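Each of two forms of one protein chain follows alone as structure tokens, named structure 1 and structure 2.
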Structure 1
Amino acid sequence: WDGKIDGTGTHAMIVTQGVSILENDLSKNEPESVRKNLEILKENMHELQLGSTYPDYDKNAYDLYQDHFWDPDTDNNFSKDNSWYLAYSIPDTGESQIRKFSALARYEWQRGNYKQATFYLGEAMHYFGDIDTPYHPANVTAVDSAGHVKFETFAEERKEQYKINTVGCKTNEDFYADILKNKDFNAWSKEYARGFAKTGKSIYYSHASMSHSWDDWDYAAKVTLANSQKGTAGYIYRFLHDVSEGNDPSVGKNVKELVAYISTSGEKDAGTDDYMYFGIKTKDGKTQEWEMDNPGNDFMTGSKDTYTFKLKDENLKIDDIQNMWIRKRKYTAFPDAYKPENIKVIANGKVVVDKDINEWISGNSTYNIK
């Protein structure tokens, strides 16, 4: 969808209505922790709005230029195993960005950093809104410097007519109750979000592609903006329950993937053009390394980069992973020292590592995170 850097536009309308929806549908029986966390979120509405529009205007989204249109099966295809060369990091998808930003928001909320938690939650909802956008051509025709297309600017002009204020039921029944059933957030999210995204692709073909009339486009905007608002209210309800009840979604499960979220210092020359690798060592002395490389320019000064790693040994638990590190390898003969500010490592929806570094890494060097 469209949105503006000041926290206005379609994206901000969707998360604003998501909270309004929950306030209207919130059952009388919901626990007081959930009701109290909803009021903290309401206090931080402006951050939720900024978060919701930010990803289209971030720099780190690899110089470029933004395109937030994926085939709905991308995430599923990338999860398969066999079909990915394991030494390469997996690219970000709208599906994986929802999970990463969700894990970050839960982590921040729990340590009492509500401003930052809500900004991250907004960013998760941005990507959910994008995967529900009914636009799936092979070749994109962008009309602005932030990578939006005409269907989104058309909906933007008309956004106020598509607002909804209830999902049709209270949070003790059907839609909302089914969202709490699966404890594994990542597993739930993958299936839940995929349903909305596939319906958006069907609607692209039947009503929103460029050959369709303006009436069809208006209809496509109405139904997909109502699906966006409903799906968004569902994520927010799930979020409130997870942080109120102190749910850990990672509890017990194998570690198939690890996600690194790396913040490079804003200091002049802190970025690097050398090869960077992430590595682990398990309890039984087996190791795995990965290349950290996304399409654009990785590890630029002041960037926040995301790398997703697929494990070869699928039977591991988080507690089996004893050590982790980052390793630099010189690309040229000329020094290009690297200064990370902080690294967060996420496994099954939990931030398991949050380490401030703020040290220069030079030459061919291995920096131990743990």
Structure 2
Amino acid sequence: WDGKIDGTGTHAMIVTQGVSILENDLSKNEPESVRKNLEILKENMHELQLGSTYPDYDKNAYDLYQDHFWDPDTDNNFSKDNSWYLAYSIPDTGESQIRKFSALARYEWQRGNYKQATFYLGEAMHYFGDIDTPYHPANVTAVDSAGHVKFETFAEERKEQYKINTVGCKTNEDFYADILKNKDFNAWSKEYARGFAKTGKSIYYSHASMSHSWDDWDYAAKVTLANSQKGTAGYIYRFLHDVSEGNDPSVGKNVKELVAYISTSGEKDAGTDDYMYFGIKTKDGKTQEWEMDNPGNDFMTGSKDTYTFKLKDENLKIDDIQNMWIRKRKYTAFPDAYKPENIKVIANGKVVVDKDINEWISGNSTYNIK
């Protein structure tokens, strides 16, 4: 879906509708804290709207927006168009970004930073909205087909007539109740998103591609836009319950992957081109290290980078990881100083490390973040 940097456009309509829908379907026996948090959420509507359109204008966006894609069947963005990386990486997809930003959103909310929290939730919904288009889950880029942009423009112009005001049931009913059943946010979000993405991919082949009429496009937009609104409303519902009761999805679960969200200082020369590594040390003195290298230029001055690391051992708990750090090693003969501003480490949908740094890492040195 289209979206403008000022927080207007199809993307903004989906989240704005998502809140109204929720308000409409909210059952009377819904907890009081949920009602209050929704009021705080409506108070911050413009940040939800800005976050919903922001990823397309984010200056450190991938050249092709690879991560805005995800095939629910193959489980990747364009087969491996990021340009798949073995032994170190973990390419981001629309699906993983929903999880990343969802974790950031709950974290900020829990500390009363509603402004930042809502912006993050907004970004998470941008990615869900995308996977609910016909083209994104089918992995059909703008380069691959002219119908891609054309379809999103068709939708943008008619967005007003595709708004829905309810999912068709109250929150105490099946659709919403199901959302709350699985405490493992991550396992849930993946399946929930898969269902909508499969419907979008089907719609592409049966109605939204360039082989179809314009009465077909109307039907395709009506269905996928309705589903986008419906699914967003559910995500918001889940969010409100999670932030209101302080539900934690990481509990007891093994840590199979770690996600690092790094903000590089905006100061002159803060970015670097040297080899960067992220490492962990376990209580038992066992260590693992991965090279941080997604890319197209990582660690640019003022950028925000995401890395996902898969752990070797699969029986570890969060408390088992004694230390974590970042280490830099020179590329050429002269070290390239690096100045990170902050680093957050996410495990099982929970921000486990929120570390401000704001200092140079001049040469070949290690810097503990935990």
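By rigid core we mean the largest C-alpha set that fits within 1.5 Å across both forms. When a residue number appears, read it as a position in the sequence of structure 1, where counting begins at 1.
- With the rigid core aligned between structure 1 and structure 2, only one of 172, 165, 76, 113 has a CA shift of 2 Å or more: 76.
- Residue 322 shows a C-alpha shift below 2 Å between structure 1 and structure 2 [criterion: core-superposed Cα displacement of 2 Å].
- Core-superposed comparison between structure 1 and structure 2: CA of residue 145 displaced by 2 Å or more.
- Relative to the superposed core, residue 64 undergoes a Cα shift of 2 Å or more between structure 1 and structure 2.
- Superposed on the core, the two forms differ at residue 276, whose C-alpha moves 0.7 Å between structure 1 and structure 2.
- Core fit done between structure 1 and structure 2; CA of residue 86 shifted by 6.8 Å.
- A C-alpha shift of 1.1 Å is found for residue 285 between structure 1 and structure 2, based on superposition of the rigid core.
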